[PDB]
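Working notes, structure below.
2 protein chains.
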Amino acid sequence: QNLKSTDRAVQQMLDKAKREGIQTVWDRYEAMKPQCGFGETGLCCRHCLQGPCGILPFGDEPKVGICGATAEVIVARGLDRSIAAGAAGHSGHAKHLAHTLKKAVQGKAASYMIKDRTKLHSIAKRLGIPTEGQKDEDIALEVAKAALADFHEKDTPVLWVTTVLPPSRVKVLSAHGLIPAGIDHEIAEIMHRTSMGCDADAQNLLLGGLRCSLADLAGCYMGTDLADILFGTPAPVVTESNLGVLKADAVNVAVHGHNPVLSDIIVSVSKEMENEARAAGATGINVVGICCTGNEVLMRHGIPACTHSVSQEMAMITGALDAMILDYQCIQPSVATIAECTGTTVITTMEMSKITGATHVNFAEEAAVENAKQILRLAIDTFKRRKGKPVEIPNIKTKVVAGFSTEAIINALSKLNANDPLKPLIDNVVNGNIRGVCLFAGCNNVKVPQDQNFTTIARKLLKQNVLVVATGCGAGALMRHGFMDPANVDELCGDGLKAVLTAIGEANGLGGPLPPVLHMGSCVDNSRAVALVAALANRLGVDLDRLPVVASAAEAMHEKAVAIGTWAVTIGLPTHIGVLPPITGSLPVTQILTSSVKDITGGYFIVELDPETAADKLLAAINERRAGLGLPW
Amino acid sequence: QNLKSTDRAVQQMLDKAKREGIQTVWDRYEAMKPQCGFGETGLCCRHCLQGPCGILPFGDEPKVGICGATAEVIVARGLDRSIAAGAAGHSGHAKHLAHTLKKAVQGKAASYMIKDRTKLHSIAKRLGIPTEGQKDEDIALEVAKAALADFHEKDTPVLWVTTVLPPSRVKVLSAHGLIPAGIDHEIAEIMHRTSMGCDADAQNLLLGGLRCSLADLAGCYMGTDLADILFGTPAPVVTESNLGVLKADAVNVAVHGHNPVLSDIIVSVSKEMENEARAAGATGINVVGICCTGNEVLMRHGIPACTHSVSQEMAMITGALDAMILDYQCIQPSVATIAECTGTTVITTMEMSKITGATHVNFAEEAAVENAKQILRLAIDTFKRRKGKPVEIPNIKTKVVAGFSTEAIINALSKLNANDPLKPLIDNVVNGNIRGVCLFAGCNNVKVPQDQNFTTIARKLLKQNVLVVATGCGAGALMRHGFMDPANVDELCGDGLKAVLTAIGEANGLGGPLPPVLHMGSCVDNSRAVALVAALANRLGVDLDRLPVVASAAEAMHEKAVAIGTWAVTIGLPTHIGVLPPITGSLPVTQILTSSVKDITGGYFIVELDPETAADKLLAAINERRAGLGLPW
Ligand SMILES: c1ccc(C[n+]2ccc(-c3cc[n+](Cc4ccccc4)cc3)cc2)cc1
Ligand SMILES: c1ccc(C[n+]2ccc(-c3cc[n+](Cc4ccccc4)cc3)cc2)cc1
Ligand code: SF4
Ligand code: SF4
Ligand code: FES
Ligand code: FES
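If you read the protein sequences in the order shown, they are chains A and A'. A prime marks a further copy of an entry chain. The deposited numbering numbers the first residue of the first sequence as 4 and each following residue consecutively. The deposited numbering numbers the first residue of the second sequence as 4 and each following residue consecutively.
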C-alpha cells in the first residue's frame with residue numbers, strides 16, 4: 004500500500020476498497036502491465052488508417068512509418084497533439100468563463116457579477132481598454148469581447164500572451180515566430196500540420212509546438228483573470244486538507260472538476276440551504292473539494308480540500324460522500340461505476356462532459372442558483388439513505404494556508420517596503436537567504452507513489468533556502484502532507500528562507516511565518532506564477548531566462564501538464580518533469596527539448612524520474628542562474 | 004505486383020524500384036506487419052502519461068482503461084480526434100484561401116484577382132451580403148470577412164453549414180444540437196472533451212463528433228467557393244492521366260498537395276518561362292500533377308494528372324521528374340529521401356509544412372510570381388543534369404474528361420430543359436434510366452490493391468444505371484483506369500444511364516456521351532456534390548435522407564476521409580467505407596455508426612471490406628431510397 008500512495012488516509016481507504024472488492028485506479032494499472040514500449044516511448048502513430056505504425060526503439064525494422072515518417076517526426080507530431088489537447092482544455096475553461104462574464108454584464112445571468120472591480124480595471128488598462136469614464140458593465144463587456152477575440156485571428160496577436168510577458172521575452176519569442184495568432188487558431192493549425200502528408204520536420208514541428216504552448220499559457224491567464232473578476236482575487240485563508248475534512252453527520256458534497264462557474268455558486272447557495280439540511284437530520288451541508296475546482300473554492304472561500312487526482316475515488320470509499328458535482332477534467336469516469344457500490348450520487352453538469360451512468364443536470368448560468376438548489380437537495384436526499392449507518396472516514400487531516408495570490412503575495416511583501424514590495428524579496432535573493440524560486444505544478448500519476456516526488460524534492464529545496472510555490476495537484480500533494488502549515492517551517496525550511504518567511508508572515512498580522520509552501524491556486528492559476536515571475540524580471544530589467552526560477556511538474560499525468568511544461572520552457576525557465584514523456588524514442592527530439600531549446604527560449608526540460616537527482620538538477624539550474632547574475636551560491 | 008496496385012504503369016515502376024533497391028510504400032507496409040490489434044481496432048488510448056492503455060477485444064483483462072474509460076468511450080474519443088484532425092486540414096486550406104482573397108482585394112498580392120465574378124456575387128447573395136451598389140473588391144472583402152468569421156463564435160452559426168443545406172436538413176441537425184458554432188471552435192472543443200477526465204459517454208461523444216464533421220463540411224465548401232472565386236469555376240476539360248503524361252524531353256514539374264494558391268500561379272507563370280526552357284534544351288515546362296492540387300489544376304486548366312496518393316513516389320522512379328512542388332497534405336515525406344536516388348528536386352513552400360532534407364521556398368502571395376519564377380528555374384536546372392541520359396516512363400496513359408462542376412453539370416442539363424435543368428435528371432430518375440447517384444470520394448490505401456475497390460464497385464454501379472460522380476483520389480483512381488473516357492460508356496454503362504449520358508453530352512456540342520464518371524474535383528470539392536445533392540432535395544421538397552444518393556470512400560486513408568464520411572452520414576446519406584475504421588473494438592460505437600444514426604440524421608455507415616458486397620449494399624441502399632419514394636426498382 005506504501006507502493007501506491009504516501010497518503011496515509013489514502014492507504015487506509017485502499018485497504019477498505021480491497022476488503023470490499025471495489026476496484027481502484029492502482030488495480031487497473033496493475034491489470035494494464037506490461038505496457039507498450041512503442042506507446043510509452045512515442046514510437047507509435049495512428050494518424051492514418053494505413054495502419055497503426057510503430058518503430059522499434061532499436062534493432063531492425065520497423066525503422067520508419069509507412070508514409071516515410073521518421074521516428075523524430077512521429078514523436079514530434081504526437082507531442083504536438085498532446086500540447087494541442089492541453090491548450091484546448093484550458094481554452095474551453097477560459098472561454099466558458101468569458102461567456103459567463105458576458106452573460107453577467109448583459110443581464111442574462113443575475114447569479115454572476117463583477118466581484119473584483121480593481122482586477123477588472125487593471126486588466127482593462129493592461130489590455131489598453133480605457134476605464135475612466137466607462138460604466139463597469141461596459142468595460143467588463145469590453146474585456147469579455149477582448150477575451151473572446153484572442154481565440155481567432157485579428158490585428159493584434161493573443162494579448163494574453165503579449166501583454167503578460169516582459170517586452171524582452173515577447174521580443175525573443177517573436178524573433179522565432181512563436182507568438183500565437185489565436186488560441187483556437189494555434190490548436191487547429193497544430194491539428195492540421197500533424198495530420199498525414201503535412202509537416203514532416205522535427206525542428207519545424209517543435210517550433211509550432213512551442214507556439215501552441217503559448218496559446219495554452221494565454222488560456223490559463225485568461226481563466227485566472229476572468230475567475231478573479233467574477234468570484235474574487237484570492238487572499239490568504241486557513242482550512243484543512245485530506246479526507247478528515249469529511250464529517251459523517253453532514254451532507255458531504257464534493258465539487259470536482261476545474262471550472263468555478265458552477266462550484267462557487269454551489270458554495271454560496273449551500274449555506275442558506277443548511278436551513279433545510281437540518282431537517283434532513285444532518286448538521287448542515289459540507290462542501291468538501293476535489294482537484295482544481297476544489298482548490299478554486301479553497302483559494303477563494305476557505306473550503307476544505309478533500310483529496311486530489313489519483314486518489315479521487317478514495318473520497319467515495321468512506322461511504323459518507325453524498326454528492327459529487329462534476330464540471331470537467333481529470334475526473335476518472337470510474338467514479339460513476341464505483342458509486343453503485345458506495346451509494347454516492349454522481350452528478351455531471353456540462354453538456355460536453357457526460358459519464359455513462361452518472362446523473363446529468365443541464366447547468367446554465369441563467370439558472371445557476373436553480374440548478375444548485377436542486378443539486379444540493381439530491382445530496383440531502385442521498386444523506387437520508389445514510390441515516391443511522393456505518394462509515395469509515397480516516398480520522399486524518401492537515402492544516403493548510405492558501406489564498407496566496409500574486410496580489411496577496413505582493414501586498415504581504417509591501418509591509419516590508421511600501422514603495423517597492425519586490426525589493427525585500429530581491430534583497431534576500433541577493434544575500435543568499437532565498438536561493439531561488441521553484442513552482443511545483445502538475446498532476447499526480449498512478450506510475451508514481453502518490454505525492455512522493457513533490458514531497459521529496461520539496462524537502463530538498465526547502466532545506467536549501469528555495470522559495471517554493473505550488474499549484475494544482477502539486478499544491479494538493481504538498482498540502483495533504485502539511486507543507487502549507489507554518490508550524491512545520493521549523494522542521495522544513497533552511498535558516499535564510501525561515502528568516503524571510505518569518506519576517507513577512509509576522510509583519511502581516513498573521514503572527515507567524517508564512518507557510519513552508521505558497522499555495523498559488525489551480526492549474527490555470529499557474530499563470531499567477533507567470534505574473535509574479537514576469538514582475539520580478541521587469542524589476543530586474545532582465546528576461547525570465549536569467550532568473551533563479553524553475554518549475555517542476557513532478558508527477559505529471561494530463562496533456563495539460565505537458566502543455567504547461569512546454570510553455571514554462573518557452574518563457575525561459577528550467578522545467579523538470581518527473582514522469583517519462585513520450586519523447587524517448589527519438590534522440591534528436593529529446594536533445595531539442597533538453598539542450599537545443601536553451602538557444603531559442605533560454606528554458607530547457609529536465610527529465611529525471613529519480614526525485615533526488617531531479618532535486619539536485621533543479622538546484623544546479625538555480626545555481627547556474629545565480630552564477631549568471633554574479634551572485635554567491 | 005498485382006497484389007499492390009492494379010495500375011499497370013505503377014506495376015512497371017514498382018519493378019524499376021525493386022531492381023534499383025529504392026524503397027516504396029508497399030515495402031514499408033510489409034516491414035510493418037504484423038500490425039497491432041489494439042490500434043487497428045481502436046482499443047488503445049494515449050491521451051495520458053498514465054501509460055498507453057489497451058483493451059483486449061475479447062478475453063480477460065485489460066478490460067478497461069486505467070482512469071475507468073470503457074472500450075466505447077476510448078474508441079469514440081479516438082474517432083472524434085480523427086474527425087477533428089480532418090476538419091483542421093480542410094479549415095487551414097480554406098483559411099489560407101480566405102487570406103489570399105483578402106490580400107488580393109486589398110492590393111497586397113497583385114498576382115491574385117477575382118476571376119469568377121458571378122460566383123462571388125452568388126456566394127454573397129447566399130450569405131446575405133448585398134451586391135447591387137457595391138464595388139467588387141468591397142463585396143469580395145465582405146465575403147472574405149464572412150469566411151474568416153465562421154472559424155470562431157458570433158451571432159450567426161457557421162454559415163458554410165447553415166446556408167448550404169436545405170432548411171429541413173438544417174432543422175434536423177439543429178434538433179440534436181449538431182449545428183457548429185465555429186470551425187476552429189468545434190475543433191478545439193473536440194480536443195477538449197476527448198482529453199482525460201472530460202466527456203466519458205459514447206453517445207454524447209459521437210454527437211459531438213457529428214457536430215465537428217459539419218465544421219469539416221463547412222471548411223470544404225469554403226475552400227471550394229473561395230477557389231472558384233480566385234481561380235475560376237471548373238468547366239469541362241479533356242486531358243490525359245497516368246505517368247504517360249510525362250515526357251522525357253521537357254522540364255517535368257509536378258504540383259503536389261492540395262492548395263491551388265501556389266500551383267495555379269505556377270501553371271500560369273510556367274508557360275511564359277517556356278521562353279526560357281527552350282534554351283535549357285527542353286521543349287518546354289511540363290506541369291504534370293499529383294493528388295488534389297493536381298486535380299485542382301486539372302479541373303481548371305486541363306493539366307494532365309500524373310499520379311495519386313499511394314503511388315505518388317512512382318512519379319520519381321521514372322527519373323525524368325525534375326521538380327516536386329509541395330504545399331501540404333497526403334504527401335509521403337519519403338519522397339524527400341527517395342529524391343537522392345532519383346535526382347528529383349523536392350520543394351516545400353509552406354512555413355508550417357516542411358520535410359527534413361527537402362528544399363524550402365518561403366512562399367508568399369505577395370511574391371507569388373517571384374517565387375514561381377525561381378522555382379521553375381530550379382526544375383529547369385534539374386533538367387540540365389538530365390541532359391542526354393536514360394529514363395523509364397511507362398508508355399501508358401488514359402483519356403480523362405473533367406471540369407464537371409455543379410455549375411457545368413447544371414448548364415449541361417439545362418440544354419434539355421432551359422427553365423428547369425434539374426427536371427431531366429429527376430425525370431430519368433423516375434423512369435428508371437438513372438437508378439441512383441453515387442459519389443466516389445476518399446483516398447487510396449496501401450492495405451487495398453490500388454484502385455481495386457473504386458473500379459470494381461464503379462463497374463457494378465455503372466452496369467445498374469447509377470449516375471456516378473467522383474472526387475479526390477477516388478476520381479484519380481477512376482480516371483487512371485479510363486472511367487472518364489466517353490469511349491468506354493459503351494463497355495461500362497447500362498442502357499438507361501447510357502441514354503441519359505448520350506443525350507446530355509451530344510446536346511452540349513460535345514458530340515458524344517458524357518464520360519462514364521463525372522469527375523467533380525478535389526477532396527474539398529466534395530462540397531460540390533453537397534450543393535448538387537442539396538439542390539435536388541430542394542427541387543423535390545424532401546430531405547437528403549430521402550434521395551437515392553450514397554457515398555463510398557472506398558479506399559480511405561486520411562483523417563480527412565473519416566471526417567468526410569462522418570459528415571456524409573450527418574447530412575443524411577448512406578456512406579460506405581472500404582477500409583477498416585478504428586471502431587471495431589466497441590460493438591456499441593459500431594452499432595451507432597451503422598444502425599442508430601439512421602434515427603438521428605437519416606444517414607448511416609456501411610463498413611464492408613469486400614467491394615462486391617459493398618456494391619450490393621450500396622445498391623440496396625439506393626433501392627431502399629427508391630422504395631421510400633414509391634418508385635420502381
Ligand atoms: C533507471 C531505471 C529505470 C527508470 C524508470 N524508467 C525510465 C525509463 C524507462 C525507459 C524505457 C524504455 N525506453 C525506450 C528507449 C530508450 C532509448 C531510446 C529509445 C527508446 C526509454 C526509457 C523505463 C523505466 C529510471 C531510472
Ligand atoms: C473477411 C475476413 C477478413 C477481412 C479483412 N479483415 C476484416 C476485419 C478484420 C478485423 C480484425 C480484428 N478485429 C478485432 C475485433 C473484432 C470484433 C470485436 C472487437 C474487435 C476486427 C476486424 C481483419 C481483417 C474481411 C472479410
Ligand atoms: S499517417 Fe503515416 S505515420 Fe501515421 S500511422 Fe499512417 S502510415 Fe503511420
Ligand atoms: S487518459 Fe485514461 S484512457 Fe487515456 S491513456 Fe491515460 S489512463 Fe488510458
Ligand atoms: S503500438 Fe502500442 S501505443 Fe501503438
Ligand atoms: S497498443 Fe498498439 S496502437 Fe497502442
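The beta-carbon is built from N, C-alpha and C at its ideal position, and this holds for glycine as well.
Length at least 4, wholly inside the region 474-548 of chain A: the alpha helix (DSSP H) runs in chain order: Runs of the alpha helix (DSSP H) lying entirely within the region 474-548 of chain A, each at least 4 residues long, are 475-483, 492-495, 498-510, 529-543 in chain order.
A/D187 Cβ short of 7 Å to ligand 2 heavy atom set: Counting from one through the first sequence, the residue named residue 187 of chain A turns up at place 184. The answer is no for A/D187.
Within 9 Å of chain A by C-beta, residues of the region 182-212 of chain A' in sequence order: Correct list: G185, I186, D187, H188, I190, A191, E192, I193, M194, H195, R196, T197, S198, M199, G200, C201, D202, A203, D204, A205, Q206, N207, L208, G211.
Reduced DSSP secondary structure (H/G/I, E/B, other) of A'/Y115: Walking along the second sequence from the start, residue 115 of chain A' turns up at place 112. Three-state result, A'/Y115: coil.
Contact between the region 157-171 of chain A' and the region 115-125 of chain A' (3+ Cβ pairs under 8 Å): Two segments are said to touch when three or more pairs of C-beta atoms, one from each, lie closer than 8 Å; by this definition the region 157-171 of chain A' does not touch the region 115-125 of chain A'.
Range of the contiguous alpha helix (DSSP H) that encloses A'/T103: Locating residue 103 of chain A' in the second sequence gives position 100, counting from the first residue. Membership of A'/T103 in the alpha helix (DSSP H) is indicated by the continuous run 74-108.
From A/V108, A/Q594, A/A147, residue whose alpha carbon lies closest to that of A/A127: Within the first sequence, numbered from 1, the residue matching residue 127 of chain A stands at position 124. Answer by Cα proximity: A/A147.
Cutoff 8 Å: A'/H522 Cβ touching any chain A Cβ: Within the second sequence, numbered from 1, the residue matching residue 522 of chain A' stands at position 519. No, A'/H522 does not count as interfacial toward chain A.
Per DSSP, cross-strand counterpart(s) of residue 1 of chain A: No information on residue 1 of chain A is available, as it lies outside the stretch 4 to 636 that chain A covers here.
Sufficient close CB pairs (3 or more, under 8 Å) joining the region 464-484 of chain A' to the region 443-452 of chain A': Yes, the region 464-484 of chain A' is in contact with the region 443-452 of chain A'.
Three CB pairs or more closer than 8 Å across the region 398-417 of chain A' and the region 583-598 of chain A': The answer is no - the region 583-598 of chain A' does not touch the region 398-417 of chain A', with fewer than three Cβ pairs under 8 Å.
Beta-bridge partners of A/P577, as assigned by DSSP: Working through the first sequence from its first residue, we reach residue 577 of chain A at position 574. In the DSSP output, where bridge partners are listed per residue, A/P577 has A/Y607.
Among A/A191, A/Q332, A/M487, A/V553, the one whose alpha carbon lies nearest that of A/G515: Along the first sequence, one-based indexing puts residue 515 of chain A at 512. When C-alpha distances from A/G515 are compared across A/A191, A/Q332, A/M487, A/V553, the shortest belongs to A/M487.
Closest residue to A'/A566 among A'/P133, A'/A91, A'/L543 (Cα-Cα distance): Here residue 566 of chain A' refers to the residue found at position 563 of the second sequence. Cα-wise, what sits closest to A'/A566 is A'/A91.
Partner residues on chain A for A'/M560, Cβ-Cβ distance less than 7 Å: As a first step, residue 560 of chain A' is located in the second sequence; it is residue number 557 there, counting from the start. In chain order: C51, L52, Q53.
Short CB-CB distance (under 8 Å) between A/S555 and chain A': Position 552 of the first sequence, counted from the start, is the residue given in the question as residue 555 of chain A. It does not; no Cβ of chain A' falls within 8 Å.
Proximity below 8 Å, CB of A/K418 to CB of A/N511: By 1-based counting over the first sequence, the position of residue 418 of chain A is 415. By 1-based counting over the first sequence, the position of residue 511 of chain A is 508. Yes, these two residues count as a Cβ contact at 8 Å.
Identified DSSP bridge partners for A'/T587: What you label residue 587 of chain A' is simply residue 584 of the second sequence in a count that begins at 1. Checking the DSSP bridge columns, you'll see A'/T587 has no partner listed.
Nearest-angstrom beta carbon gap, A'/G435 and A'/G497 [assumed within contact, 8 Å]: Along the second sequence, read from residue 1 onward, the residue named residue 497 of chain A' stands at position 494. Along the second sequence, read from residue 1 onward, the residue named residue 435 of chain A' stands at position 432. The C-beta distance from A'/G497 to A'/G435 rounds to 10 Å, too long to meet the 8 Å contact threshold.
Extent of the continuous alpha helix (DSSP H) run through A/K426: Counted from its first residue, the first sequence places residue 426 of chain A at position 423. DSSP places A/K426 inside the alpha helix (DSSP H), whose first and last residues are 425-433.
Identified DSSP bridge partners for A/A405: As a first step, residue 405 of chain A must be located in the first sequence, where it is residue number 402. Beta-bridge pairing by DSSP links A/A405 to A/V240.
Heavy atom of ligand 4 within 7 Å of A'/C56 beta-carbon: Against the second sequence, residue 56 of chain A' aligns to sequence position 53. Within the cutoff, so yes.
Residues of its chain near A'/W570, where Cβ-Cβ distance is below 7 Å and the 5 sequence neighbours each way are ignored: Mapped onto the second sequence, residue 570 of chain A' falls at position 567. For A'/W570, where only same-chain residues beyond five positions count, the Cβ hits under 7 Å are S216, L217, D219, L220.
Buried or exposed (CB count within 10 angstroms, at least 16 for buried), A'/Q4: In the second sequence, the residue the question calls residue 4 of chain A' occupies position 1. Classification for A'/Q4: exposed.
Beta-carbon spacing of A/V372, A/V256 below 8 Å: As a working note, residue 372 of chain A is residue 369 in the first sequence. As a working note, residue 256 of chain A is residue 253 in the first sequence. No; because the gap between Cβ atoms is not below 8 Å, this pair is not in contact.
Under 8 Å between C-beta atoms of A'/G71 and A'/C48: As a position in the second sequence, residue 71 of chain A' is number 68, starting the count at 1. As a position in the second sequence, residue 48 of chain A' is number 45, starting the count at 1. Against a cut-off of 8 Å, the Cβ pair of A'/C48 and A'/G71 comes out as no contact.
Cα-Cα separation, A'/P60 to A'/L208: Locating residue 60 of chain A' in the second sequence gives position 57, counting from the first residue. Locating residue 208 of chain A' in the second sequence gives position 205, counting from the first residue. Rounded to the nearest angstrom, the two C-alpha atoms are 21 Å apart.
Environment of A'/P133 [buried if 16+ CB atoms lie within 10 Å]: Within the second sequence, numbered from 1, the residue matching residue 133 of chain A' stands at position 130. Exposed is the call here.
Reference A'/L249, options A'/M317, A'/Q206, A'/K563, closest by Cα: By one-based count along the second sequence, residue 249 of chain A' stands at place 246. Checked all of A'/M317, A'/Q206, A'/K563; the closest Cα to A'/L249 is A'/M317.
Assigned secondary structure, A'/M225 (DSSP; H/G/I helix, E/B strand, else coil): Against the second sequence, residue 225 of chain A' aligns to sequence position 222. A'/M225 falls in the helix class under three-state DSSP.
7 Å Cβ cut-off: residues of chain A touching A'/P65: Residue numbering aside, residue 65 of chain A' sits at position 62 when the second sequence is read from its first letter. Within 7 Å Cβ-Cβ: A34, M35.
Paired residues, beta bridge with A'/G57 - DSSP: Taking the first residue of the second sequence as position 1, residue 57 of chain A' is located at position 54. Paired residue(s): A'/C47.
Euclidean distance between Cα positions of A'/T593 and A'/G185: What you label residue 593 of chain A' is simply residue 590 of the second sequence in a count that begins at 1. What you label residue 185 of chain A' is simply residue 182 of the second sequence in a count that begins at 1. So the two alpha carbons sit approximately 27 Å from each other.
Proximity of A/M276 and A/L428 at Cβ, strictly below 8 Å: Here residue 276 of chain A refers to the residue found at position 273 of the first sequence. Here residue 428 of chain A refers to the residue found at position 425 of the first sequence. It is not a contact, given that the beta carbons lie outside the stated cut-off.
Cβ-heavy atom distance, A'/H50 to ligand 4, below 7 Å: On the second sequence, residue 50 of chain A' is found 47 positions in, with the first residue counted as 1. Correct: A'/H50 has its Cβ closer than 7 Å to ligand 4.
Residue environment, A/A149, which counts as buried when at least 16 other CB atoms sit within 10 Å: Within the first sequence, numbered from 1, the residue matching residue 149 of chain A stands at position 146. For A/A149, the number of other beta carbons within 10 angstroms of its own is at least 16, and it is reported as buried.
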